[PDB]
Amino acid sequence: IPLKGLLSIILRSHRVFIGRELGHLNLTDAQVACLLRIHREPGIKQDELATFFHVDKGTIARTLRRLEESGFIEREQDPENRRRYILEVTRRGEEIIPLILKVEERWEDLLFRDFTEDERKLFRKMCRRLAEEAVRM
């Protein structure tokens, strides 16, 4: 199994966990990712968010529509370009972030149950280093 395959197995568990724990909010992994990204960059253009994730436009469009329907984000026309849209997290969206982060913590604790704390720390440090390389790549 290629490294990416292992990472994908891990991420699939995250997807299932998010869907189960936050399903009452009609949230999915894809929506949470978009919500957190907009949260850290208020006013980001939809096309900029699409470029950031490097996924197909159709997928991002449907994901954002669901977040908007649920009232977690707002979308407005870019005053400088009628072909662009500005995204921002609503008050409702900002208020569910703690819940999201708590679910992330719970998922991590479950995933690392058979890891000593030193191993978990080393894994995290290595991931940070690989993420740094990934950004450069």
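Sequential numbering from 1, following the sequence displayed.
- Taking only CA atoms, the mean B-factor in the PDB entry is higher for 74-82 than for the other of 74-82 and 45-53.
- When the two stretches 28-36 and 84-92 are set side by side, the higher mean Cα temperature factor goes to 84-92.
- In the deposited entry, the Cα temperature factor of residue 20 sits in the top third of values across the chain's modelled residues.
- Per-chain ranking of the deposited C-alpha B factor places residue 104 in the middle third.
- In the deposited entry, the Cα temperature factor of residue 119 sits in the bottom third of values across the chain's modelled residues.
- When the modelled residues of the chain are ordered by their C-alpha B factor, residue 135 lands in the highest third.
- When the modelled residues of the chain are ordered by C-alpha B-factor, residue 110 sits in the lowest third.
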